[PDB]
Amino acid sequence: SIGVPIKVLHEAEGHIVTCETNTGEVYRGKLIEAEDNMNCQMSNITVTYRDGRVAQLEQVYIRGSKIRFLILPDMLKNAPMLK
Amino acid sequence: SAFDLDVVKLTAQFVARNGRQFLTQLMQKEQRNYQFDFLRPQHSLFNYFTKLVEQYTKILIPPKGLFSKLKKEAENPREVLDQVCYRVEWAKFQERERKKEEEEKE
Amino acid sequence: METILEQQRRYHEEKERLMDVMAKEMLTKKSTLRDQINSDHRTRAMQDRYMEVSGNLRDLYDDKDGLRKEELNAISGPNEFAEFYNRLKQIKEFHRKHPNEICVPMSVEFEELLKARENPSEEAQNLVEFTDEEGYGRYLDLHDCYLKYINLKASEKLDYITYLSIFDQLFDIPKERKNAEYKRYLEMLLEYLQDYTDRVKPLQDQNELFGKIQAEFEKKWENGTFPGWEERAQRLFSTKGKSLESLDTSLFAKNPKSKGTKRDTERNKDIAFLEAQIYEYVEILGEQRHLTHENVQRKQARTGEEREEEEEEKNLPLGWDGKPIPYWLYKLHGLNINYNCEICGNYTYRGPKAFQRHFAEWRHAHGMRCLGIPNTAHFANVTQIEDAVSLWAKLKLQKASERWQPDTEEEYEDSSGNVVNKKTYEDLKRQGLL
Amino acid sequence: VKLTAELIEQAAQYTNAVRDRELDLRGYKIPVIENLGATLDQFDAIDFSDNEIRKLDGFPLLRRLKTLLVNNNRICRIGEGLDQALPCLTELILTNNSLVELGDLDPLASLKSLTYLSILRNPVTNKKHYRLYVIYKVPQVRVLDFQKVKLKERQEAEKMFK
Amino acid sequence: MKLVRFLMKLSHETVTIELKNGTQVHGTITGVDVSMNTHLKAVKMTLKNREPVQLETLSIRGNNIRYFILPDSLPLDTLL
Amino acid sequence: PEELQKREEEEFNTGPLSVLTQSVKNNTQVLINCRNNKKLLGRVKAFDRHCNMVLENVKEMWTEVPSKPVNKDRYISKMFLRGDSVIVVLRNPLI
Amino acid sequence: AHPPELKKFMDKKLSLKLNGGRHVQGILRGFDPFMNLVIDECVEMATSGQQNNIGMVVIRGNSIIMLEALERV
Amino acid sequence: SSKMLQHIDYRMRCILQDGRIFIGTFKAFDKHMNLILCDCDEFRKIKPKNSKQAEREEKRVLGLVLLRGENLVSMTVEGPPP
RNA sequence: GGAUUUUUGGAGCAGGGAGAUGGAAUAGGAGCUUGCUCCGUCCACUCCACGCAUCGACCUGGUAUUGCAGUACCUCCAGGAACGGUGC
């Protein structure tokens, strides 16, 4: 079936999220497109490359395998999943 | 009755230092224009004053703590265990004698 | 501050209660072995209370030594008596009863109903003090010791029976070197054995027994306690013989024996003491370690179900005739049809007659009462909670309209020539003016 | 009213305006200051406005907290054992209290990490060279009375009280 | 047959699992699954170069455990 | 089912898991190379397709450098070791 | 099994990050649900300043950490 | 049973794969048990590199963080239900 | 339902050299204590390639902004580097 976490991610699409990849790549940007495999294709993202030298790219796309973390909109705290 | 308890304890303590059954600080303290309403033997609180006096006189014995030291009950769980077992055995013997008396009464 | 009267009486009462509570704890029987160990621990706590009172009282001779002359005066008295009466002639308007002088020590040094626990005996138990590999005095926790010995030795041919036989003998030929680090593991083993022996009996003299064992190690262990007929006397730590007692006295106070070795009478002292204490503990609980080996062998030899279990430790209703009803009667009366009522806690009624009667039955009337709705004919055939609450809103509003609120609707004559609710008129009437 | 842990287990520890873990004691008037460690190392800021706390003392060993708000209290003294109980704090808003004397700042040096504090609306302020004594006995502090510490105040703090 | 089924035959079993994160974690675990989800209670957790700290309730997964250890007097035959 | 469990037994008895096969047939001790160089010496109590390895009479050794690495060891008799950490499982070790 | 949503990226140049510190530019041309990407005119720029064009590559999703799009697509 | 629901709704420190912690109130779980944490902070160790500099733990703010199943190692309960 | 995105793991390991530099109150071996003599684990300072470069907050002044909004992060010069993590 479908994971409630992945439902929170799909509710976290279109708005600003902040993923953190396995190499420390911190990509805080508009999460455009995500799927069941957590493959997050985001736009206007700020990718920090783990270095603190954070740059701004557009149409970035990080897979789900590297996802150490992903801050979704906290405005989803009243999402229908947790209640 | 906390003031009354303080007064009863004070009476037991001040009678602990008297010399005889008539030689205390209470014989004249009764007629000394101050209310002492426990010394009367019709008042059951005379038993409570006598129990306070018994406790004071059992603590004012030579083994009560005047000039000696208690060491067998004060660092001796073995002596404490001997005394506890003897108290429990005396209680069992008292109950057994009571049961014999009760069978006799029935 | 009568350091001889008030303190002596309070301490005497406390110690008497402690002795009586020990007598009661020893006069009551034990039913679970953890119950017996916890009763022993509580008796230890009560005896500790009595001993603490005894020690607090044994020092009460520095002011008694000054008061022995003034307490015995036959001339003094009623002066200090009237003074104490004046000091206790404060306001006795504290109109309250309080038996909390001596009935409170009985409730502190007593037992409890859900478990035998005293006042200070509310948080003391065998739960943080007894091991589940033992059971609070059932078995022994030595699996860690076997794993530690096996990690120290590095051998894959070491079984629990060989380990237990090596650890049970009293002074036999070792399996590991005493100048090696396995003596370090023997130190932890002696610590665990001493902790188990002490936690097995909180009532027996701990200070006196430790003192007797220390006097033994001082006088009879280091002075040739295992004699011979070099074989005449042996050293326990250094591992050297002695031809005679004079030779042993010469070879104990010598130069190589004291500090001319890592196994001298300076360095190996704690190790020899821990080894002697472990041997003494094995000899004192030699039946206990044997029972623990019995439990380990029973677990290793039993079957698997017993190992797990040891580690874990017609279609129709009745009638007045007394027999079931014909199946066609059951269908004819609709007793095969189930009706549910949400107001009744989702209770299922069998057949239309039982389901019509239930609206007047206590279960439905109680459900309606829990909702704050009066059980009335208006709620007949209402089974859902939402429908009952809703229907209630409309009915409340209707009775609201038919009922006439006099004060809320009456029209009163303002003296100037105005009209306002009678309630407002009377309120304002008094309301300074009207 | 006695200060116990009912007003702790009911008090709100939440994600405050600065994105910390802040526990509110708003409307408490708690005169006894104790029994805080029942926060269980999930707190950073302890707000205790409207307290009857006549002093600043009685804090348990808390390891990671950042800020303590003692606003609208009746602080007369300053307790000495602050930093061994709060080693990692940085903000102390203890303004609007009865601080008068330079000795009311005596423990204020024990905090190695103290940077921000507020002691406004306290009579200790009308004293001459007061912020001088504060940035003098407290060298590590930078944010002093809604004003950053500076080399001028630092040189004047090292010069006077020689 | 997999031995996750054997490890499923455990609840209130005093175990010491060595997890992949340099940790030794001992306790009477709460309940096990087929994905080796071993949820611990009264947990003594010591990480690689860390202290034996205490956790009241922890839910440890399966792919993060590198070794496990069952108690001493435990029958592997009718546990597997 | 039955024939499928039999195919599993065929895979385990005549496949590459022959090490586990011998270890469970004659009760031999196998040296298991763990992913972090943890050498485990002991017999194997049960095995599966995923090489989930329950073992008895186990000893775990490694080289801990405090330099000169010294050979740290422990003796864990019974142990369950799921097939996750195994780099190799060698049926006959020389010691 | 769902294939990825990478079709708008197809026929477009991206600057991707493959693991090991690898970064390459490449033309997204085709794939499978297994995210194995087909990069034509692929050029790998190593950790140094030097860059070697490898042209036509079939790259795993197992090493690729992410990818930015050089065009707006 | 789906046990962790018996620890749902309360604040837990969830473990990552790289040695840090994330303190946040658990929302719910899935098949691989991946996490959604409300009111989350990250506790990350700061390397001393010396025997004279102490080891500190710096905290980050995340809030609602979707921690993918690649992170979950072990999780403790650190604060009561809020 | 262990083969590229979540639960049968790619993890683990070790901090560049050297100078008649310094400590191990309670813990090193051996030259069969104390003293001296050497060797296998750290930091504090000097030297070499302050391990280098980065950007991110940060501190010291000067310097520009008076501006109504829901946030990765927001003025500019400068230096020191107390901190973060990225390639070698």
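Residues numbered from 1 in each chain as written, not as in the entry; some residues may be left out. Chains lettered and ligands numbered in written order. Part of a larger assembly, values for the part shown. Heavy atoms only, no water. Residues with missing side-chain atoms left out of burial classes, pairs and counts.

Structure determination for this PDB entry is given in the record as cryo-EM, at a resolution of 3.4 Å.

Peer 1: Looking at this structure, I do not really get the overall build of chain B. What am I missing?
Peer 2: A tally of regular secondary structure across chain B gives four helices and zero strands. The order of α-helices and β-strands along chain B, N terminus first, is α-α-α-α. Computed over its C-alpha atoms, the radius of gyration of chain B comes to 20 Å, more than 25% above the 13 Å expected for a compact globule of 106 residues. Dimensions of chain B, computed from C-alpha atoms along their principal axes, come out at roughly 50 × 45 × 30 Å. (Helix = DSSP H or I, 4+ residues; strand = E, 2+ residues; numbered from the N terminus. Rg over C-alpha atoms; globule rule 2.2 N^0.38 Å.)

Peer 1: I keep staring at the overall build of chain D and nothing clicks. Help me out?
Peer 2: Secondary structure assignment for chain D yields three helices and nine strands. The linear arrangement of helices and strands in chain D, starting from the amino end, is α-β-β-β-β-β-β-β-β-α-β-α. Seen through its principal axes, chain D has C-alpha atoms that stretch 50 × 30 × 25 Å. Restricting to contacts in chain D with at least 6 residues of sequence separation, those with at least 24 account for 46%. (Contact = heavy atoms within 4.5 Å.)

Peer 1: What's the story with the interface of chain F and chain E in this structure? I'm lost.
Peer 2: A common way to report how large an interface is uses the accessible area buried once the components associate. In this complex, chain F contributes seven residues to the contact, which on the side of chain E involves seven residues. Of the residues contributing to the side of chain F that touches chain E, the split by class is three nonpolar, two polar and two charged. (Nonpolar A, V, L, I, M, F, W, Y, C, P; charged D, E, K, R; others polar.)

Peer 1: What is the right way to read the pattern of salt bridges from this model?
Peer 2: Close approach of charged atoms allows side chains with opposite charge to pair. Residue and element names in this part refer to chain C. Notably, a salt bridge pairs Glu410 with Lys422, separated by 3.9 Å at the nearest N-O pair. Pair noted here: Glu410 is in the loop between α19 (406-409) and β5 (411-414) and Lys422 is in helix α20 (residues 422-430), with a separation of 12 residues, a long-range link. Each of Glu410, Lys422, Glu426 and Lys429 takes part in salt bridges that share partners, so that together they form one network. (Salt bridge = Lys/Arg side-chain N within 4 Å of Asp/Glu carboxyl O.)

Peer 1: Please explain the environment of C:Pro324 as it appears in this structure.
Peer 2: Residue and element names in this part refer to chain C. Structurally, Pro324 is set in the loop between α14 (304-311) and α15 (327-332). Each C-alpha atom, one on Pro324 and one on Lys314, is 7.6 Å from the other, the two residues being 10 residues apart in sequence. When sequence neighbours within four positions are dropped, the list of residues in contact with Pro324 reads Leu316, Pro317 and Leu318.

Peer 1: What should I look at first to understand the pairing of strand β4 (residues 53-60) of chain E in this one?
Peer 2: Moving residue by residue along a regular strand, the side chains alternate between the two faces of the sheet. Residue and element names in this part refer to chain E. Note that strand β3 (residues 38-46) and β4 share seven bridges and pair antiparallel. The partner of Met45 across the bridge, within β4, is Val53. Between the end of β3 and the start of β4, which pair antiparallel, lie six residues, with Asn49 showing a positive phi angle near 65°. (Pairing = 2+ DSSP bridges.)

Peer 1: I keep staring at the interface of chain A and chain H and nothing clicks. Help me out?
Peer 2: At the interface, 13 residues of chain A touch 13 residues of chain H. Residue assignment for the side of chain A that touches chain H shows that the elements contributing at least two residues are α1 (4-11) and β6 (69-71) of chain A. Looking at the side of chain A that touches chain H element by element, the count peaks at three residues for β6(A). Looking at side-chain class alone, the side of chain A that touches chain H contains nine nonpolar, two polar and two charged residues.

Peer 1: Just checking my understanding: could you explain unusual backbone geometry for this structure?
Peer 2: Across residues other than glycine, the phi torsion is negative in most instances, and most of the peptide bonds are trans. Phi is positive for C:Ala154, which is not a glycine, with a value near 70°. Locating C:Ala154 in the fold gives a position in the loop between α6 (143-153) and α7 (160-168). Although it is not a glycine, D:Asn35 sits at a positive phi angle of roughly 55°. Mapped onto the fold, D:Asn35 is located in the loop between β2 (21-24) and β3 (45-47).

Peer 1: What is the right way to read the arrangement of the chains from this model?
Peer 2: Looking at the eight pairs of chains with contacts, the pair that accumulates the most is chains A and H. At the C-alpha level, the nearest point of chain C lies 19 Å from chain D, with no contact between them.

Peer 1: Explain the sheet that holds strand β9 (residues 143-144) of chain D to me, please; I cannot follow it from the model alone.
Peer 2: Through backbone hydrogen bonds, the strands of a sheet pair up, either in parallel or in antiparallel fashion. Residues and elements named next belong to chain D. The strand order β1-β2-β3-β5-β7-β8-β9 describes an open sheet built from seven strands, whose pairing is mixed. Strands at the two margins of the open sheet, each flanked by one partner only, are β1 (13-15) and β9. Here three bridges tie strand β5 (residues 67-69) to strand β7 (residues 91-93), and the two strands are oriented parallel to one another. Within β7, the residue paired with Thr67 across the bridge is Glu91.

Peer 1: Hey, could you run me through the packing of aromatic side chains in this one?
Peer 2: Centre-to-centre distance and the angle between the planes together describe a pair of aromatic rings. Each ring, one from C:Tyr347 and one from C:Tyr349, has its centre 4.9 Å from the other, and the planes form 70°; the classification is edge-to-face. Three or more aromatic residues link up through ring pairs in this structure, and these residues are C:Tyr339, C:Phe355 and C:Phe359. (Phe/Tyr/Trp six-rings, centres within 6.5 Å; stacked < 30°, edge-to-face > 60°.)

Peer 1: Could you clarify how one ought to interpret the environment of A:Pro73 in this entry?
Peer 2: Examined against the element boundaries, A:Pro73 turns out to sit in the segment after β6. Put simply, A:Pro73 and A:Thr18 are 55 residues apart on the chain and 8.9 Å apart in space, counted from C-alpha to C-alpha.

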